[PDB]
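A lone chain, given as structure tokens: the form deposited without the ligand.
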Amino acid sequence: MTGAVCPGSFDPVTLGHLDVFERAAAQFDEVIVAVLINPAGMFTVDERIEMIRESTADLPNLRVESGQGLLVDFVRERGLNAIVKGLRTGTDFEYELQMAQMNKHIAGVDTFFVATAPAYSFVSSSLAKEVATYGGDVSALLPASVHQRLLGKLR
């Protein structure tokens, strides 16, 4: 039984995230999306989880959970030791590499990186929110349910 964790704040989840989720779910027996919260954003943890579940309805081996603290503890507590992280334009890859090597050192957890599809490579949660805030149309970059909710939080 294989498995990996897909971590992020997902505030909100984007089609870039979904693409990575789909690829993880296709290649591992079990995937857990870890909605990591800070001491703070647009959507509550519960809202974020609901948006991810709506978007991943077709992935029966993927589940969504909230987490706090050390990512490697979240991973190991669930009997796993792999992380799958997406890459997009603007990803701080050098910092991701630093964290991957740190996470392997402190807990033996591996990190696999996968680039999101070119079509979704320039969306990020932060930039989608910024563009939407000023009336820009990011509907092609987000799940339909997310775009609906986003307009709600803004209007």
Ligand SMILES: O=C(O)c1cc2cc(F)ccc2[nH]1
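Just so we're on the same page, rigid core means the largest C-alpha set that superposes within 1.5 Å between forms. Only residues modelled in both forms are compared. Just count from 1 along the sequence shown to find any residue number.
Unmodelled residues of the deposited sequence between neighbouring positions residue 39 and residue 40 number 1 to 3. For the segment pair 64-72 and 105-113, the entry gives 64-72 the higher mean B-factor, averaged over Cα atoms. Between 143-151 and 20-28, the higher mean Cα B-factor belongs to 143-151.
Taking only the listed residues 56, 98, 44, 125, the entry reports the highest CA temperature factor at 44. For residue 138, the recorded CA temperature factor ranks within the highest third of the chain's modelled residues. Among all modelled residues in its chain, residue 15 ranks in the lowest third by Cα B-factor.
Omitted from view is the form deposited with the ligand bound, to which the following refers.
Taking 49, 36, 62, 42 one by one, only a single residue has any non-hydrogen atom within 4.5 Å of the ligand in the deposited bound form, and it is 36. The ligand is not shown here, but in the deposited bound form it comes within 4.5 Å of a heavy atom of residue 7. Contact check for residue 71: a non-hydrogen atom falls within 4.5 Å of the ligand in the deposited bound form. Residue contact check for residue 27: none of its heavy atoms lie within 4.5 Å of the ligand in the deposited bound form. Per-residue Cα shift between this form and the one not shown after core alignment stays below 2 Å for all of 68, 126, 27, 89 except 89. With a change of no less than 3 Å, the CA-CA distance between residue 22 and residue 91 is larger in the deposited bound form than in the form shown. Compared with the form shown here, the Cα atoms of residue 135 and residue 89 sit 3 Å or more farther apart in the deposited bound form. Core-superposed comparison between this form and the one not shown: one run of at least three consecutive shared residues with Cα shifts of 2 Å or more is located, at 88-93.
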